[PDB]
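Below is one structure; the comments refer to it alone.
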Amino acid sequence: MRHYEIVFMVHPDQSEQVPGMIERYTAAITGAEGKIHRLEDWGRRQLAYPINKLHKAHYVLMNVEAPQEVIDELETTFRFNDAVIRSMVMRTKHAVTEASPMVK
Amino acid sequence: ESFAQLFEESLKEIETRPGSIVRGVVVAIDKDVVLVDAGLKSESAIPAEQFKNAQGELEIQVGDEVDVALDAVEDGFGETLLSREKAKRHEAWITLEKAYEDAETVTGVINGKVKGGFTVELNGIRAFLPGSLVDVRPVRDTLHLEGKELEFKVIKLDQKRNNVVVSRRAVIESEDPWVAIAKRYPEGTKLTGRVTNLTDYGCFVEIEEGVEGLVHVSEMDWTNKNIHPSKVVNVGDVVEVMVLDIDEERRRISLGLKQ
Amino acid sequence: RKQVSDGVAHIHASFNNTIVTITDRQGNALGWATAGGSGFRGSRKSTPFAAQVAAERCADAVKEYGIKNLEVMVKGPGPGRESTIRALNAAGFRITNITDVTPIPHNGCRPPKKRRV
Amino acid sequence: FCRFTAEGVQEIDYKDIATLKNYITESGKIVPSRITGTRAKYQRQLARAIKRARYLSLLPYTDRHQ
Amino acid sequence: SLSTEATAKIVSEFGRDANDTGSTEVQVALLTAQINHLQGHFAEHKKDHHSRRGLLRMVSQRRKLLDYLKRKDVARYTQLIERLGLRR
Amino acid sequence: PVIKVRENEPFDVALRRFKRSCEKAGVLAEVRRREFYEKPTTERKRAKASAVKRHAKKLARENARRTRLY
RNA sequence: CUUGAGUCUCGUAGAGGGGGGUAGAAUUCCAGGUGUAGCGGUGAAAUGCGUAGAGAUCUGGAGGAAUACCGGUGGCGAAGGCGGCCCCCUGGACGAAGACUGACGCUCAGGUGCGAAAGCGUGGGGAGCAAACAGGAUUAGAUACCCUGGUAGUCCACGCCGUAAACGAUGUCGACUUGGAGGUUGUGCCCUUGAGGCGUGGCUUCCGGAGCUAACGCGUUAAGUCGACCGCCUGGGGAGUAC
């Protein structure tokens, strides 16, 4: 429908919970016949500045071709979920399946 | 008729833009201005200093032929950029010749490293090379008789920015500038750079593969303020300069000359 | 008083008056001095010399703490900026870092109106 | 002497942090298109990318802040 | 704007050839649909003045088209206005 | 303009470096600019005026240069 | 009938608009730590804040407003105007080829809408700034300029107001007439042999030719050469006032 690109940052103490969260997110996307073109756990990462007093955080990239309702839902979930510190759902023109420059 | 049209495409065919075709005949000499005519719209105001060879006196009388250069047209009145750069292409060709047989042989004599590689001079010109290139091993030409005769065996060349370090003695043995701007960095790496334009606060020596250096007015000499850089150095000349400072961000490498 | 080897010098350099404050690395102020305090008033205290002497005074004040290393944090625009640090150096601390810490907003609050003189 | 014209990139990536880092100051600020010689079209894109990065704490807003 | 598929559909219905697209009637239909779409938007966003300008322009254009149709060929116009439900 | 004194570096040199850094930053200038409120109009005017001046310097002066002074 | 006008296809750049989120810097205040006599301010002072612990400095919190750098005689918009980042809804512009419609056009008195800032109404909000006001200076006086404070207001919602040097002091639309140097945004070809080479469109900054102009100047974005429609002027004041 519309090709979004999502990057969310999880609190580093909840790093072991991340995979489950990712799975959940994927599931929702799948539900509305939404494809998920790339998905990249960047892992624990040093922040350029300390958001909410903490210096590292766990970054997950995820590209999705989904309807906007589901995106909205995801956003809502993120906002209420306290594990995820920041998110940045961000539209894109194409599917962009090729890997990110920091993974490579 | 189409005589002229054909003559035009003929004359297009029998010239090119760079200093390649040795065509300008020296048709008046006067100190301090040479002048040619390479089939261009006007005659060059040549310096005398693009034409004296290795000890200071002139070499070419009337009728003699050197190509110059091009791709710059009309600053008001006149035609060229200097033929001496011409010469650089010839030097490049000889350096390239190495590749064929994996060994360019001339003479290279390198006494010392301004910036970590002995300086080698070929014919009139002198070039700077990275520190390893001067010696094959750890021999070091400091114990060799000063300004000794070998050749140059090439150690390293930078391929974009022109720095070539060559192999003295041991005959038997045989986007783009700004990401990795850490090569000439570390505090004081001396460089050989041609100055371009002196902006009454500066001199703008800039050679190392698409960068910009200043050497502004404060150093330049050992007088501060009364100096006026046009009096004190040159126009278009390869000099002693080193970095003293790099910002890889606001591309201002601030070189010096008082060293 | 507990002696401390390393600390910070905060140099608040205004247009009218320089304030030098030596503190420990954590934030707790040890001593301070000012150009206004050093016996300069109006025209005099808005000068490099004044700033320098303030700095000197400050240094003198934190003698008992036994401070060898010192990082400098320079704030605001003023004459007392280069001079002050020079003075500090003279007074004989190993200057470790020289930081600028001027508060630059990223266009935030409206400044006061322009003076008509 | 633009990099992005030569590379021939379709869009500048905020994730490509290293690249961004060449166009940002020691103090964190985005470097002018006069200095870098970046093409105008690309410059804006680059700026946007940098901004995005800053939001994601990939690049810093400034040197001092902590 | 109007989605491509929707536009195509509109063209097919009203246009005689279906490749035509520029038929007056077809154009009118296209305009009308757009107007309808924008009504919803403008109910929500009453202060979106700039956007409303475009809508107004579109309406004007439609009116002009209708007028043109009327002088040329009355029956067709009548048919069109029955189809779309344009009071005039 | 965060700086660290290198091992066996002189004080004066360090100071100079710091100064240079500051200059590069344009911190002082920025501060000066934000001392008082500039009306938008005024800001516009300065920018355009400055631009005009620059243009004048570049072209007219160049034209003058073509002709010799003596 | 297809050259004007419009529709469709694919892209393009954009501070165009409306709505909802969020980020970081800085100011202010609150609470607490450290610390000690000044701070602040000016031409110079004083009022003012300070030993009831200010200023400085560090930690934590609150809240509002605006968005450094990018940033540009850059961009978009009918004008007014529009500037962090993200999403949702949404208007226009331009190019590339085709395909279609077939004069459907231009202008517009009345009419209708949009229309900076200030201002008004009701309800919120209120950090900073600041008409009014107060004090301190300056001064012959100072109902000002400068300083210290400071309330409407600025901010948001929904209404009204309908004006500005609302300016390019230049109505809109179309056609035609020598050139140069740029900027920006497409696009065709070319060995992109490289940041290039040769074109071709849109918008745009400066200089200047003919011509025009009282001159200043304008000059393919005309103030030139013409056509279509509208608006407006008829000495200065009285007056854009009175009724």
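In the structure tokens, chains take the letters A, B, ... in the order shown, each chain's residues start at 1, and ligands count up from 1 in the order shown.
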
Which residues are near residue 75 of chain C? Cut-off 12 Å, only C-alpha atoms (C1' of nucleotides), ignore same chain within fewer than 2 positions. Put them as number ranges by chain.
C: 9-15, 18-21, 72-73, 77-82, 84-85, 98-104; F: 1, 22, 27-28, 31; G: 56

Considering only C-alpha atoms, give me a table of residues in chain D that are at most 6 Å from chain B, with the closest atom pair and distance in Å for each, as JSON lines.
{"residue": "D:3", "atom": "CA", "partner": "B:175", "partner_atom": "CA", "distance": 4.5}
{"residue": "D:22", "atom": "CA", "partner": "B:249", "partner_atom": "CA", "distance": 5.7}
{"residue": "D:23", "atom": "CA", "partner": "B:249", "partner_atom": "CA", "distance": 5.8}
{"residue": "D:24", "atom": "CA", "partner": "B:249", "partner_atom": "CA", "distance": 6.0}
{"residue": "D:25", "atom": "CA", "partner": "B:249", "partner_atom": "CA", "distance": 5.1}
{"residue": "D:31", "atom": "CA", "partner": "B:250", "partner_atom": "CA", "distance": 6.0}
{"residue": "D:35", "atom": "CA", "partner": "B:250", "partner_atom": "CA", "distance": 5.9}

Keeping only N, CA, C and O atoms, write the selected residues to a file as a compact mmCIF listing (two decimals), in the first residue's frame.
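Saved as out-v1.txt:
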# COMPACT_ATOMS: atom_id res chain seq x y z
N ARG D 3 30.28 15.58 -4.50
CA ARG D 3 30.47 14.13 -4.38
C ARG D 3 29.25 13.38 -4.92
O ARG D 3 29.39 12.39 -5.64
N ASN D 22 31.45 13.65 7.34
CA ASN D 22 32.29 14.57 6.55
C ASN D 22 31.70 15.97 6.37
O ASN D 22 32.44 16.95 6.28
N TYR D 23 30.37 16.05 6.33
CA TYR D 23 29.65 17.31 6.09
C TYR D 23 29.21 18.06 7.34
O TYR D 23 28.68 19.17 7.23
N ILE D 24 29.48 17.50 8.54
CA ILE D 24 29.16 18.08 9.89
C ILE D 24 30.43 18.69 10.49
O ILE D 24 31.46 18.05 10.27
N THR D 25 30.33 19.67 11.42
CA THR D 25 31.45 20.47 12.01
C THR D 25 32.15 19.67 13.12
O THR D 25 31.61 18.59 13.47
N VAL D 31 27.95 21.80 7.55
CA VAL D 31 28.91 22.62 6.82
C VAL D 31 28.27 23.22 5.56
O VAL D 31 27.61 22.50 4.80
N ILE D 35 31.73 25.78 1.12
CA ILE D 35 32.95 25.12 1.56
C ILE D 35 33.06 23.73 0.95
O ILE D 35 34.06 23.42 0.29

Who sits within 12 Å of residue 66 of chain D, only C-alpha atoms (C1' of nucleotides), same chain under 3 positions skipped, as a VMD selection string
(chain A and resid 47 to 55) or (chain D and resid 57 60 to 63) or (chain G and resid 24 to 25)

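Across the model, the gap from atom CA of residue 90 of chain A to atom CA of residue 68 of chain A is 11.7 Å.
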
Apply DSSP to the structure's backbone, then extract all residues of segment 7-165 of chain B labelled strand (DSSP E) and return them as a list in words.
residues 24, 25, 28, 29, 30, 33, 34, 35, 46, 47, 65, 66, 119, 120, 121, 122, 125, 126, 127, 128, 154, 155, 156, 157, 164 and 165 of chain B

Convert the current residue selection to file output with N, CA, C and O atoms, as a CSV table (one decimal), in the first residue's frame.
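To be explicit, this is the file written out as again28.csv:
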chain,number,residue,atom,x,y,z
B,24,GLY,N,53.8,26.5,-31.0
B,24,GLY,CA,54.1,27.9,-30.9
B,24,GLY,C,55.6,28.2,-31.2
B,24,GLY,O,56.4,27.7,-30.5
B,25,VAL,N,55.8,29.0,-32.2
B,25,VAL,CA,57.2,29.4,-32.5
B,25,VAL,C,57.4,30.7,-31.8
B,25,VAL,O,56.6,31.6,-31.7
B,28,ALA,N,59.0,36.6,-30.6
B,28,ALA,CA,59.8,37.7,-30.0
B,28,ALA,C,60.2,37.3,-28.6
B,28,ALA,O,59.5,36.8,-27.8
B,29,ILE,N,61.5,37.6,-28.3
B,29,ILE,CA,62.1,37.5,-27.0
B,29,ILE,C,62.5,38.9,-26.5
B,29,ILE,O,63.0,39.7,-27.3
B,30,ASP,N,62.1,39.2,-25.3
B,30,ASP,CA,62.6,40.4,-24.5
B,30,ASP,C,62.5,40.0,-23.1
B,30,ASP,O,61.5,39.5,-22.6
B,33,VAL,N,59.9,38.7,-21.0
B,33,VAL,CA,58.7,38.2,-21.7
B,33,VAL,C,59.0,37.4,-22.9
B,33,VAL,O,59.5,38.0,-23.9
B,34,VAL,N,58.7,36.1,-23.0
B,34,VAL,CA,58.7,35.3,-24.2
B,34,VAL,C,57.3,35.4,-24.8
B,34,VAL,O,56.4,35.7,-24.1
B,35,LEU,N,57.2,35.1,-26.1
B,35,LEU,CA,55.9,35.1,-26.7
B,35,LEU,C,55.9,34.2,-27.9
B,35,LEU,O,56.8,34.2,-28.8
B,46,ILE,N,54.5,35.0,-22.2
B,46,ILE,CA,55.1,33.9,-21.5
B,46,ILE,C,56.1,34.6,-20.5
B,46,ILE,O,56.8,35.6,-20.8
B,47,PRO,N,56.2,34.1,-19.3
B,47,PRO,CA,57.3,34.5,-18.4
B,47,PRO,C,58.6,33.9,-19.0
B,47,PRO,O,58.6,33.0,-19.8
B,65,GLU,N,60.1,25.8,-30.6
B,65,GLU,CA,58.7,25.3,-30.5
B,65,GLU,C,58.5,24.5,-29.2
B,65,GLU,O,59.1,23.4,-29.0
B,66,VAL,N,57.6,25.0,-28.3
B,66,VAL,CA,57.2,24.3,-27.2
B,66,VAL,C,55.6,24.4,-27.1
B,66,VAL,O,55.1,25.5,-27.5
B,119,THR,N,63.2,13.9,-0.9
B,119,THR,CA,62.8,14.6,-2.1
B,119,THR,C,63.7,14.1,-3.2
B,119,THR,O,64.9,13.9,-3.1
B,120,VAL,N,63.0,13.9,-4.4
B,120,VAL,CA,63.6,13.5,-5.6
B,120,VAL,C,63.3,14.6,-6.6
B,120,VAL,O,62.2,15.0,-6.7
B,121,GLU,N,64.3,14.9,-7.4
B,121,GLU,CA,64.3,15.8,-8.5
B,121,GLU,C,64.7,15.2,-9.8
B,121,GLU,O,65.7,14.5,-9.9
B,122,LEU,N,63.8,15.3,-10.8
B,122,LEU,CA,64.1,14.8,-12.1
B,122,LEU,C,64.3,15.9,-13.1
B,122,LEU,O,63.3,16.7,-13.3
B,125,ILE,N,62.7,19.8,-12.7
B,125,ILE,CA,61.7,19.7,-11.5
B,125,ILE,C,62.2,18.8,-10.4
B,125,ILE,O,63.0,17.9,-10.5
B,126,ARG,N,61.7,19.1,-9.2
B,126,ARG,CA,62.1,18.3,-8.0
B,126,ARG,C,60.8,17.8,-7.4
B,126,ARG,O,59.9,18.6,-7.1
B,127,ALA,N,60.7,16.5,-7.1
B,127,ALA,CA,59.4,16.2,-6.5
B,127,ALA,C,59.6,15.6,-5.1
B,127,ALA,O,60.7,15.2,-4.7
B,128,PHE,N,58.5,15.5,-4.3
B,128,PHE,CA,58.5,15.1,-2.9
B,128,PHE,C,57.8,13.7,-2.9
B,128,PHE,O,56.8,13.5,-3.6
B,154,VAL,N,60.5,3.4,-8.1
B,154,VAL,CA,59.4,4.0,-7.3
B,154,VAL,C,58.9,3.2,-6.1
B,154,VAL,O,58.7,2.0,-6.2
B,155,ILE,N,58.7,3.9,-5.0
B,155,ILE,CA,58.1,3.2,-3.8
B,155,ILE,C,56.6,3.5,-3.8
B,155,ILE,O,55.8,2.6,-3.7
B,156,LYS,N,56.2,4.8,-3.8
B,156,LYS,CA,54.8,5.1,-3.7
B,156,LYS,C,54.5,6.3,-4.4
B,156,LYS,O,55.2,7.3,-4.5
B,157,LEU,N,53.3,6.3,-5.0
B,157,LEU,CA,52.7,7.5,-5.6
B,157,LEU,C,51.2,7.5,-5.2
B,157,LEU,O,50.6,6.5,-5.0
B,164,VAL,N,55.2,11.6,-5.3
B,164,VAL,CA,55.9,10.4,-5.8
B,164,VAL,C,57.1,10.3,-4.9
B,164,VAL,O,58.0,11.1,-4.9
B,165,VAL,N,57.3,9.1,-4.2
B,165,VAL,CA,58.5,8.8,-3.4
B,165,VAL,C,59.2,7.7,-4.2
B,165,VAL,O,58.7,6.7,-4.6

Residues of chain D within 8 Å of chain A, using only C-alpha atoms, as a VMD selection string?
chain D and resid 15 to 17 56 to 60 65 to 66

Do you know which residues are at most 12 Å from residue 10 of chain F counting only C-alpha atoms (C1' of nucleotides), after dropping those on the same chain fewer than 6 positions away, and could you put them as a PyMOL selection string?
(chain C and resi 89+94-96) or (chain F and resi 4+16-17)

Export of the given selection (N, CA and C atoms) as an mmCIF file, in the first residue's frame:
data_model
loop_
_atom_site.group_PDB
_atom_site.id
_atom_site.type_symbol
_atom_site.label_atom_id
_atom_site.label_comp_id
_atom_site.auth_asym_id
_atom_site.auth_seq_id
_atom_site.Cartn_x
_atom_site.Cartn_y
_atom_site.Cartn_z
ATOM 1 N N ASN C 89 47.291 30.277 33.796
ATOM 2 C CA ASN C 89 48.467 29.507 33.381
ATOM 3 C C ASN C 89 49.700 29.971 34.151
ATOM 4 N N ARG C 94 48.584 23.111 35.588
ATOM 5 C CA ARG C 94 48.635 22.431 34.301
ATOM 6 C C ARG C 94 47.244 22.530 33.685
ATOM 7 N N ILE C 95 47.138 23.343 32.636
ATOM 8 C CA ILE C 95 45.886 23.532 31.919
ATOM 9 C C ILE C 95 45.709 22.298 31.020
ATOM 10 N N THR C 96 44.596 21.593 31.206
ATOM 11 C CA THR C 96 44.376 20.285 30.593
ATOM 12 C C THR C 96 43.502 20.402 29.349
ATOM 13 N N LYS F 4 41.796 19.605 23.989
ATOM 14 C CA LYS F 4 42.618 18.911 24.977
ATOM 15 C C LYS F 4 44.085 19.177 24.671
ATOM 16 N N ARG F 16 46.298 29.426 21.287
ATOM 17 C CA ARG F 16 46.161 29.860 19.891
ATOM 18 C C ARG F 16 45.177 28.960 19.153
ATOM 19 N N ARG F 17 45.377 27.670 19.347
ATOM 20 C CA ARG F 17 44.540 26.633 18.731
ATOM 21 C C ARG F 17 43.083 26.827 19.130
#

Residues within 12 Å of residue 160 of chain G, only C-alpha atoms (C1' of nucleotides), excluding chain neighbours under 5 positions, as number ranges by chain:
G: 119-122
